[PDB]
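Listed next as C-alpha cells is one chain, alone, in the form deposited in one PDB entry.
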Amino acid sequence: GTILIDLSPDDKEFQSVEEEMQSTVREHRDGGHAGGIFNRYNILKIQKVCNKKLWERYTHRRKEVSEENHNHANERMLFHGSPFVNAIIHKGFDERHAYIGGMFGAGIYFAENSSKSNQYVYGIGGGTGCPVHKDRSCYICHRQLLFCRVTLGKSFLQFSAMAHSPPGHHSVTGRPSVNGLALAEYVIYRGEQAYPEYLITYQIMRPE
C-alpha cells in the first residue's frame, strides 16, 4: 500500500526537511567511528511516504494517547536510521525494528540529531559500513534516513550520559547530561506511535 512521492527541491516542504537534516548535524563522541566524518550532507532526494492503512494506524494510536494525556499527543518530528528502512516504509514500525540493546530498553529509538540516526544506517555502531566498500565513513554510497512523526504522550525523563513504557508513561526521553551539544533521543514501545513521513536519500560530505 505504500507509494513514494518525490518532492521538488523548489518545494517549501523539501526545503524545510532539508534544513532540519542539515542543522541537526553535530560531532559525536566516537570521532566519526560509527557514522563517518562529516559536518553536512549532500541531499539527493526527499520523498513523502504515503500509506493510508499505516497512517490510520498511527492516528488511531495518537488519539488514544492524546485522550490519556489531557488531549496532548506531544507529537514531534524526529529522525530514524536503520538497516530496515525498506521494511519500515512498506509495513510500518513494529517490534522487529526495536533496538534490543538500547540504553532505555528494547524499543524503537528516534533522535533530534540527524547525525545520531546516521550512525545506525548500516547497523548498530555503523555495522561494517556500506555494503559496497565496507566503509562506515563512505562518501560515495547513498544512505537513507526516515524523518518521522512520533507520538510521545507523557514521556518519562531519563537524565543520562519490546519492553513496556514505564507505568503511567507513553515514551522515554533520553536527556543528554554530559555533552552539552547533544540533542535528546526518544524511545517508543509501540510501533503504532510513529509514522515514517519522509524518506531522505543522501551522502555524508567529506569536510574540506
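From 1 onward, residues are counted along the sequence shown. Definition used throughout: the rigid core is the maximal C-alpha set that superposes within 1.5 Å between two forms.
In the comparison with other entries of the same protein, residue 161 is left without coordinates in at least one third of those covering both sides of it. Count the deposited residues lacking coordinates between residue 161 and residue 162 and you get 1 to 3 of them. The deposited model assigns a higher average Cα B-factor to 175-183 than to the other stretch when 175-183 and 57-65 are compared. Comparing the deposited coordinates for 6-14 and 185-193, the stretch with the larger average C-alpha B-factor is 6-14. The entry assigns its greatest Cα B factor, within the set 97, 116, 72, 76, to 97.
Note on 111, 88, 132, 108: the highest value goes to 132, judged by CA B factor as recorded.
In the deposited entry, the Cα temperature factor of residue 165 sits in the top third of values across the chain's modelled residues. The PDB entry assigns residue 140 a C-alpha temperature factor belonging to the highest third of its chain's modelled residues. Looking at the C-alpha B-factors along this chain, the one for residue 93 belongs to the middle third.
In this PDB entry, the Cα temperature factor of residue 40 sits in the middle third of its chain's modelled residues. Looking at the C-alpha B-factors along this chain, the one for residue 126 belongs to the middle third.
Unshown form deposited in another entry; subsequent notes refer to it.
When the two forms are superposed on their rigid core between the shown form and the other one, the C-alpha shift of 2 Å or more among 43, 183, 49, 37 belongs solely to 183. Note: the CA-CA distance for residue 182 and residue 45 expands in the other form relative to this form, by 3 angstroms or more. Shown here is a form in which the CA atoms of residue 19 and residue 181 lie at least 3 Å closer together than they do in the other form.
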